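Shown next as structure tokens: one chain only, the form deposited in one PDB entry.
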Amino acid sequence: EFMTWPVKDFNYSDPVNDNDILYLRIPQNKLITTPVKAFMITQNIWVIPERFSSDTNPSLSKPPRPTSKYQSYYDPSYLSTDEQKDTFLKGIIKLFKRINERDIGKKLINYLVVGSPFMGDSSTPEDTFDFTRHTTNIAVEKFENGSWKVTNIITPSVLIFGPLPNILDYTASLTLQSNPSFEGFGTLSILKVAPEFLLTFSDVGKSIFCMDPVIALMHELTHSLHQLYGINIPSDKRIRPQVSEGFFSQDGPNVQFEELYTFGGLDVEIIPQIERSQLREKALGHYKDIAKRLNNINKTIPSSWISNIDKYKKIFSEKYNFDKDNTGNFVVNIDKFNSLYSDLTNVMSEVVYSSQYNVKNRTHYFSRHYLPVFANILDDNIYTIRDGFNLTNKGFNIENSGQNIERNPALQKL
């Protein structure tokens, strides 16, 4: 047996309870300017069945610009009804239970739960925890006497929204001065996913397969992992996995370091070893910074929240895997740092998940896609927690044939 965080069942219609079903204000979502109903399916992991856009003038319609025939899909009405929001909630729940099917996923989920973003950033004085930042806090609101008001905060790890205007787009958000997600402190992670809408790839018409939505979700949660542990590499940093290649260069896509690390495998080595070593020693330096901070904290923001100091010294010293020295000071044990960093940036990667879950998956991050598909993953005759699409039905357990577009009538054209 291996330690497993429980995943709670919910109906969209279940009443708010001031515990794990709440109304939250999420200002980062420019498409919605009012509080929205949210469900804590596992500690610090909240599902928010709403569309998302951080665009200034947001619209869910197909824009008048280039879009991919294979990697984009638009439907402004999707996730507008309570039925669809129930379906979405139950879909994420089901995928989390499927994540828990392997110890690698159980460990991923634990890392997210215990990975709370730091109470502070580089502007924060060393002796101070700041409890007031939107990198850690989301507001809880209640509708009282005809209007909404803020009543409390939560400190989540991950918020799981429904999709962007492009329902197929799971890629890491462009960060994106002060960058806590790259400076050890970390930040809460906001995901935008759509588990019934699936990209396709070829294992080279008969060679075309759908991505298992648990793999897509886990890829996204691997981004969350990086963000929470403050090692998310800026979308700035890219490399062409080709390339030149000589006289008739040049480059295919410029792929983000963050994406290569999240996908994993041998393509990571496209990034020069010196740059990869520099990313690790950066993290190490930040983690050591945070150890020092825990040793020195004696005051808070707000000033009156001092009784939370000891609670959070324990939360963060556990998150970062610090030791004590003989003087009772937290220190970075380099071996424990190496193990955590290697888990975060190597063990937790898409190609490892594809192996561990007995699913077919794309060969490379930058592998091509084919026509996308749709599936009702809540029907256990189509998709189960134990087996995904690769059910014993019709022999779909053989050679991942459940994921094969031509073989499986349940994988519907979009």
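Definition used throughout: the rigid core is the maximal C-alpha set that superposes within 1.5 Å between two forms. One-based numbering along the sequence shown.
What comes next is about the form deposited in another entry, which is not displayed.
- Following superposition on the rigid core between the shown form and the other one, the residue from 281, 83, 144, 245 with a C-alpha displacement of 2 angstroms or more is 245, and no other.
- Once both forms are overlaid on the rigid core, the distance between the two CA positions of residue 68 between the shown form and the other one is 2 angstroms or more.
- Superposition on the rigid core between the shown form and the other one places the CA atom of residue 11 less than 2 Å from its counterpart.
- Residue 307 shows a C-alpha shift below 2 Å between the shown form and the other one [criterion: core-superposed Cα displacement of 2 Å].
- Distance between the C-alpha atoms of residue 215 and residue 242: longer by at least 3 Å in that other deposited form than in the displayed form.
- Compared with the form shown here, the Cα atoms of residue 166 and residue 252 move at least 3 Å closer together in that other deposited form.
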